[PDB]
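Student: Residue numbers (the entry's author numbering), protein chains in the order written: chain A, 1 to 143; chain B, 1 to 143; chain C, 1 to 143.
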Amino acid sequence: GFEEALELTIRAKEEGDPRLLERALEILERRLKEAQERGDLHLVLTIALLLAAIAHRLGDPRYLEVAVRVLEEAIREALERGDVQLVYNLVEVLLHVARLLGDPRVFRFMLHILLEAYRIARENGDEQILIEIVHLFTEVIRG
Amino acid sequence: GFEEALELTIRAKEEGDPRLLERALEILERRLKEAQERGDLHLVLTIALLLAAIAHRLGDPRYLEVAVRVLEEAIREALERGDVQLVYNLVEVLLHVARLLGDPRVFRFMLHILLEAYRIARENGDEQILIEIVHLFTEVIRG
Amino acid sequence: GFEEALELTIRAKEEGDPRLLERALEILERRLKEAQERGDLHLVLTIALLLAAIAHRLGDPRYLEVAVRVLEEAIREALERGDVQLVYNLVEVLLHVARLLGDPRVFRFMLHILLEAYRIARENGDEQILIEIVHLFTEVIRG
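1) Checking 7 Å against the spacing of the C-beta atoms, do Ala35 of chain B and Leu21 of chain B come in under that value?
2) Look at the alpha carbon of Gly1 of chain B and the alpha carbon of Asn89 of chain A, and state the distance between them as a whole number of angstroms.
3) For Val44 of chain B and chain C, any beta-carbon pair shorter than 7 Å?
4) Thinking C-alpha only, which one of C:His135, C:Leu49, C:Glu14 and C:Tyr118 is nearest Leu101 of chain C?
5) So does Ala48 of chain B have its beta carbon nearer than 6 Å to some heavy atom of the ligand PLP?
6) Taking C-beta pairs closer than 9 Å, name the residues in chain A that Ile75 of chain B reaches, listed in chain order.
7) Taking the beta carbon of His112 of chain C as the centre, do at least 16 other beta carbons fall within 10 Å, making it buried, or is it exposed?
8) Please list the terminal residues of the continuous alpha helix (DSSP H) segment that includes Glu37 of chain C.
9) Consult DSSP for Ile27 of chain A and reduce its assignment to one of helix, strand or coil.
10) Starting from the Cα of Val70 of chain C, find the closest Cα among C:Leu32, C:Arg99 and C:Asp103 and give me that residue.
11) Determine the DSSP secondary structure at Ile133 of chain A, reduced to helix, strand or coil.
12) Just curious, the alpha helix (DSSP H) that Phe109 of chain C is in, first and last residue?
13) If the criterion is Cβ atoms closer than 7 Å, does the pair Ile27 of chain A and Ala55 of chain A meet it?
14) Report the rounded CA-to-CA distance for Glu80 of chain A versus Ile120 of chain A, giving the unit in angstroms.
15) Quick one: measure Cβ to Cβ for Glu14 of chain A and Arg108 of chain C, integer angstroms, because I've assumed they're closer than 8 Å.
16) Unbroken alpha helix (DSSP H) runs of length 4 or more, entirely within the stretch 33-79 of chain A: which are they?
17) Please name the residues in the stretch 12-36 of chain B whose beta-carbon is closer than 9 Å to at least one beta-carbon of chain F, in chain order.
18) Report the residues of the stretch 86-101 of chain C with a CB closer than 8 Å to any CB of chain A, ordered along the chain.
19) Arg122 of chain B touches chain C at which residues, Cβ-Cβ below 8 Å?
20) Put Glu3 of chain A into one of helix, strand or coil per three-state DSSP.
21) Closer than 7 Å, CB to CB, is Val66 of chain C near chain A or not?
22) With H, G and I counted as helix, E and B as strand and the rest as coil, what does DSSP make of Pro18 of chain B?
23) If I follow the unbroken alpha helix (DSSP H) through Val84 of chain A, where does it start and stop?
24) Please state the DSSP three-state secondary structure of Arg142 of chain C.
25) Just to confirm, are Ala67 of chain A and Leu41 of chain A a CB contact at a threshold of 7 Å?
26) Look up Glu127 of chain B in the DSSP assignment and say whether it is helix, strand or coil.
27) Could you check whether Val44 of chain C and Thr46 of chain A sit closer than 7 Å to each other, using their CB atoms as the reference points?
28) Chain B beta carbons: is any one of them nearer than 7 Å to that of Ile10 of chain C?
29) With a 10 Å radius around its C-beta and 16 neighbouring C-beta atoms as the bar for buried, classify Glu29 of chain B as buried or exposed.
30) Closer than 9 Å, Cβ to any Cβ of chain C: which residues of the stretch 51-62 of chain A, in chain order?
31) Do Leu25 of chain C and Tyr63 of chain C have their C-beta atoms closer together than 7 Å?
32) Mind checking if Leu6 of chain B is an interface residue toward chain A, Cβ cutoff 7 Å exclusive?
33) Against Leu41 of chain B, what residues of chain A qualify as contacts under a CB-to-CB distance less than 8 Å, listed in chain order?
This is the structure:
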């Protein structure tokens with residue numbers, strides 16, 4: 001499912017044809033909506049990661065903003081689920097995306113989510129993810 | 001605890017109040033001494049990492065220094081115990097602190113520790129820790 | 001002697017003697033020829049990583065090149081073997097040396113290898129590696 005986007009990315013770099021980046025971003029945007037529906041938040045994680053990395057190469061912040069918005073909604077759902085691990089892995093991707101975009105308010109969103117996920121993990125009693133959340137927190141406050 | 005620090009960090013981004021960073025640094029410096037005293041080297045790892053990130057923001061090298069001296073003593077104890085994984089994770093944090101602080105001697109300390117941890121890991125199982133030690137070595141020598 | 005290279009590397013830092021870097025590079029190049037062809041792609045990964053690190057310190061691109069060419073042939077062999085976890089760990093080290101060397105061509109190599117490994121992993125049905133490959137792919141296209 002990711003193969004066509006990975007090939008198109010290599011093909012756009014070597015041939016210098018940004019229309020191939022745009023084609024792959026279209027494929028990845030279709031897939032990301034299909035996984036946003038259905039509730040496949042683990043796949044949304046990786047599609048949004050790949051979507052944002054290609055969008056960054058193309059120089060078009062629009063697709064970076066779509067990845068942010070979809071990752072933020074997947075985080076809110078995964079936090080309502082009380083999954084915490086999915087929230088952690090979702091925030092990890094959003095951190096890489098926010099680092100690319102440079103939007104300060106995405107980091108603010110992640111600080112609140114991590115604090116809430118720490119509270120769910122504290123009352124659940126999962127110690128290892130409690131530390132993993134604090135570590136991810138120290139990375140967000142950097143920038 | 002961690003929750004009060006994470007709340008104060010968020011509260012001091014929202015409210016324009018760096019005193020809340022200072023209050024968090026004070027709590028974490030208390031907890032870090034309490035953890036070093038108890039020998040709680042796994043918590044020493046996470047407190048120092050959070051302390052240094054909150055100290056990097058606000059920009060006070062003092063709390064970076066406390067973090068270096070405590071991590072170093074936690075590393076020496078973990079190396080006495082022969083716990084190659086723990087000293088690996090402890091040096092990993094000290095490398096991030098020392099990169100923030102910029103003191104050459106903190107790197108030199110890490111060079112000698114990793115060589116010793118390589119000897120213990122060589123005579124033990126030649127596991128992934130063996131490559132993880134030499135991998136961490138190459139990162140300490142670089143910058 | 002792995003330990004000898006670690007010792008010489010520390011020894012060249014505080015004595016400021018780059019002849020010890022060149023001596024460790026000699027020991028590591030002898031060791032890589034022993035390890036390669038015989039196989040042991042895991043040890044090829046370790047010493048090539050150490051070799052290129054102290055070569056970067058020495059300022060000599062030549063040894064960065066042999067670390068690259070040995071890593072690339074290890075990746076091709078591990079890719080022939082079908083060991084997709086091994087090519088992942090090999091490409092991870094090849095990204096660090098490619099960052100040091102600064103040659104655009106090694107990044108092109110890594111993009112093609114990762115696309116292949118995804119295909120082998122997709123037909124093998126490993127799932128977790130497929131995601132880990134895509135995640136590493138987003139790191140390679142950055143730089």
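The beta-carbon is built from N, C-alpha and C at its ideal position, and this holds for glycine as well.
Tutor: In brief:
1) Counting from one through the second sequence, the residue named residue 35 of chain B turns up at place 35. Counting from one through the second sequence, the residue named residue 21 of chain B turns up at place 21. It is not a contact, given that the beta carbons lie outside the stated cut-off.
2) Counting from 1 along the second sequence, the entry for residue 1 of chain B is found at position 1. Counting from 1 along the first sequence, the entry for residue 89 of chain A is found at position 89. Computed Cα separation, rounded: 24 Å.
3) Along the second sequence, one-based indexing puts residue 44 of chain B at 44. No, because no Cβ of chain C sits closer than 7 Å to the Cβ of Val44 of chain B.
4) Numbered from its first residue, the third sequence carries residue 101 of chain C at position 101. Closest by alpha carbon: C:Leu49.
5) Only the bare structure without any ligand can be found here, which leaves the ligand PLP out of the picture.
6) To locate residue 75 of chain B, count along the second sequence from 1; it is residue 75. In chain order: nothing, as chain A lies at least about 18 Å away.
7) Here residue 112 of chain C refers to the residue found at position 112 of the third sequence. That one is exposed.
8) Your numbering for residue 37 of chain C matches position 37 in the third sequence. Here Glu37 of chain C belongs to no alpha helix (DSSP H), and DSSP marks it neither H nor E.
9) Working through the first sequence from its first residue, we reach residue 27 of chain A at position 27. DSSP places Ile27 of chain A in helix when its eight states are reduced to three.
10) What you label residue 70 of chain C is simply residue 70 of the third sequence in a count that begins at 1. The shortest Cα separation from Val70 of chain C among C:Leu32, C:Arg99 and C:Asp103 belongs to C:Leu32.
11) The residue given as residue 133 of chain A occupies position 133 in the first sequence. DSSP places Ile133 of chain A in helix when its eight states are reduced to three.
12) Within the third sequence, residue 109 of chain C is the residue found at index 109, counting from 1. Per DSSP, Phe109 of chain C belongs to the alpha helix (DSSP H) from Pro104 to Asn124.
13) Numbered from 1 along the first sequence, position 27 holds the residue referred to as residue 27 of chain A. Numbered from 1 along the first sequence, position 55 holds the residue referred to as residue 55 of chain A. No. Outside cutoff.
14) Stepping through the first sequence from its first residue, residue 80 of chain A is reached at position 80. Stepping through the first sequence from its first residue, residue 120 of chain A is reached at position 120. The alpha-carbon atoms of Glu80 of chain A and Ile120 of chain A are separated by roughly 10 Å.
15) Translated into positions along the first sequence, residue 14 of chain A becomes position 14. Translated into positions along the third sequence, residue 108 of chain C becomes position 108. About 7 Å separates the two Cβ atoms, so the contact holds.
16) 41-58
17) In the structure shown, chain F does not exist; the protein chains are A, B and C.
18) none
19) Sequence index remark: in the second sequence, residue 122 of chain B carries index 122 (1-based). Chain C residues near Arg122 of chain B: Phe2 and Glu3.
20) By 1-based counting over the first sequence, the position of residue 3 of chain A is 3. Three-state DSSP puts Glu3 of chain A in a helix.
21) Residue 66 of chain C sits at position 66 when you count from the first residue of the third sequence. Cβ-Cβ to chain A under 7 Å: no for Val66 of chain C.
22) On the second sequence, residue 18 of chain B is found 18 positions in, with the first residue counted as 1. Coil, per DSSP.
23) Counted from its first residue, the first sequence places residue 84 of chain A at position 84. Unbroken run through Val84 of chain A: none, as it is neither H nor E.
24) To locate residue 142 of chain C, count along the third sequence from 1; it is residue 142. It is coil, neither helix nor strand.
25) By one-based count along the first sequence, residue 67 of chain A stands at place 67. By one-based count along the first sequence, residue 41 of chain A stands at place 41. Contact: no.
26) Here residue 127 of chain B corresponds to residue number 127 of the second sequence, with the count starting at 1. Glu127 of chain B: coil per DSSP, three-state reduction.
27) Counting from 1 along the first sequence, the entry for residue 46 of chain A is found at position 46. Counting from 1 along the third sequence, the entry for residue 44 of chain C is found at position 44. Contact: no.
28) Locating residue 10 of chain C in the third sequence gives position 10, counting from the first residue. Yes, contact with chain B.
29) Here residue 29 of chain B corresponds to residue number 29 of the second sequence, with the count starting at 1. Answer is buried; the Cβ neighbour count reaches 16.
30) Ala52, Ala53, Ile54, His56 and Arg57
31) Residue mapping note: residue 25 of chain C aligns to position 25 of the third sequence, counting from 1. Residue mapping note: residue 63 of chain C aligns to position 63 of the third sequence, counting from 1. Cβ distance < 7 Å, so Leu25 of chain C and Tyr63 of chain C count as in contact.
32) Taking the second sequence and counting its residues from 1, one reaches residue 6 of chain B at position 6. Interface residue, yes.
33) Along the second sequence, one-based indexing puts residue 41 of chain B at 41. Simply none; closest approach about 13 Å.
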